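# Secondary and tertiary structure notes
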Amino acid sequence: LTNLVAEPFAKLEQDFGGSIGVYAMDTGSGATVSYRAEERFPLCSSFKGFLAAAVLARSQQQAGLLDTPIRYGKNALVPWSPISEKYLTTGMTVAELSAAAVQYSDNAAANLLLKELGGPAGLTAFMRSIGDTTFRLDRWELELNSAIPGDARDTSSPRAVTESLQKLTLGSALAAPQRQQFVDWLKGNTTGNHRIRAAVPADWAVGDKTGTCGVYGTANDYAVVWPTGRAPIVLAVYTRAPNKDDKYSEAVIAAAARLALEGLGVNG
Ligand SMILES: *C(=O)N1C[C@H](NOS(=O)(=O)O)CC[C@H]1C(=O)NC1CCNCC1
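Residues numbered from 1 in each chain as written, not as in the entry; some residues may be left out. Heavy atoms only, no water.

Method of determination for the deposited model, per the PDB record: X-ray crystallography, at 1.060 Å resolution.

Per the PDB entry, the chain goes by the name Beta-lactamase and belongs to Klebsiella pneumoniae. The title given to this entry in the Protein Data Bank is "Crystal structure of KPC-3 complexed with relebactam (16 hour soak)". The UniProt entry for the chain carries the following text under Catalytic activity (unreviewed entry): "a beta-lactam + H2O = a substituted beta-amino acid". Taken verbatim from the UniProt record of the chain, the Sequence similarities (unreviewed entry) comment is "Belongs to the class-A beta-lactamase family." (UniProt positions renumbered as here; feature names shortened; annotations may be inferred.)

### Describing helix α6 (residues 158-169)
For the α-helix, the turn length of 3.6 residues means that residues three or four positions removed from each other point alike. Its twelve residues give α6 an end-to-end C-alpha distance of 16 Å, which sits within 8% of 16 Å, the value for a rise of 1.5 Å per residue. When α6 is considered as a whole, its buried residues turn out to be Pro-158, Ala-160, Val-161, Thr-162, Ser-164, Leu-165, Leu-168 and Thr-169. (Helix = DSSP H or I, 4+ residues; strand = E, 2+ residues; numbered from the N terminus. Expected span 1.5 Å × (residues − 1). Buried < 20%, exposed > 50% of the residue type's maximum accessible area, 1.4 Å probe, protein only.)

### What to know about a nonpolar patch on the surface
Where nonpolar side chains cluster on the molecular surface, the patch consists of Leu-1, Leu-4 and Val-5 and spans about 330 Å² of accessible area. Looking at where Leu-4 falls in the secondary structure, it is placed in the segment before α1 (9-16). The class of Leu-4 is exposed, set by a relative accessible area of 63%. (Patch = residues over 30% accessible without salt bridge, like charges linked within 9 Å, V, L, I, M, F, W, Y side chains within 5 Å. Areas by Shrake-Rupley, 256 points an atom, 1.4 Å probe, with all protein chains shown as cover. Salt bridge = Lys/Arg side-chain N within 4 Å of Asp/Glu carboxyl O.)

### Structural notes on the UniProt feature "domain: Beta-lactamase class A catalytic" (unreviewed entry) in the chain
Under the UniProt annotation, "domain: Beta-lactamase class A catalytic" (unreviewed entry) lies at residues 21-239. End-to-end, the C-alpha atoms of residues 21-239 are 6 Å apart, and along that stretch the chain is 32% helix and 19% strand.

### A closer look at the site of the ligand
Among the 14 residues in the neighbourhood of the ligand, the closest are listed as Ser-45, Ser-105, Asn-107, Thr-210 and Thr-212. Between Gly-211 and the ligand, the recorded distance is 3.1 Å, taken from a backbone N or O atom to an oxygen atom. For the ligand, the protein covers 76% of the area, taking 490 Å² as the surface of the free molecule. Ranked by residues supplied to the shell around the ligand, first place goes to strand β7 (residues 205-212) with four residues. Looking at the shell around the ligand, its residues break down into three nonpolar, eight polar and three charged. (Near = heavy atom within 4 Å. Polar contact = N/O pair within 3.5 Å; in protein donor to acceptor, adjacent residues only side chain to side chain. Nonpolar A, V, L, I, M, F, W, Y, C, P; charged D, E, K, R; others polar.)

Rendered as structure tokens:
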């Protein structure tokens, strides 16, 4: 049921000047669209969705976790911390940092939450615990964005991203209340309007998390999509390119998402 219908991903990536990796699953039939799906691509900010899921998993054992207020210093505010910079003088709760990391891609929030989990290895351990043997987080913000060609640090594959996203949003990897909180955070993302969402009809529900490393044409998005009248679709679209100053493209991500939906025979 993989690639029943071929789609022109090769032409798309050639025009982009790099590589595009796609994995999309129709959770009803199990049909898939797969292109470069087992290659590694940098996560960039996209690790923050999984980070929030890991915090939610912890919260199942620690009922006071999400309400815990976290104070932080000005030194915590690395570049691109749009929410946490507004609460420097007050603090934010763990839940609020999680929402900020997911919905505004807040970097300070992400580092504070990584500390809660025991760092990159702690997040990696959570991903192993759900059966993902591909994901690896190695570094913190901002160093994890280097996106060096051939470097496996801070990467996953489109396939493993999709598989893990399915387990966490639709499967049993989180308890039901936490699963719905994760979904709600993804649905409230503000940074993805020009990526997978641009390929998804306005009357379908969707949650996503983006990433943009800033170098090597490297950017991404993953999403759960609920078309009306049929089972949800999970998909991941990752890009990279050979040269350090190659620019990412949101349009290319949207276009790859459209091809994926077409390949699944989802009328959109
Ligand atoms: C994540 O990849 N980020 C965080 C933020 N927006 O995330 S995104 O998924 O919407 O793109 C800005 C881009 C990126 C990031 O951390 N970039 C570094 C900090 C800002 N200067 C460039 C490198």
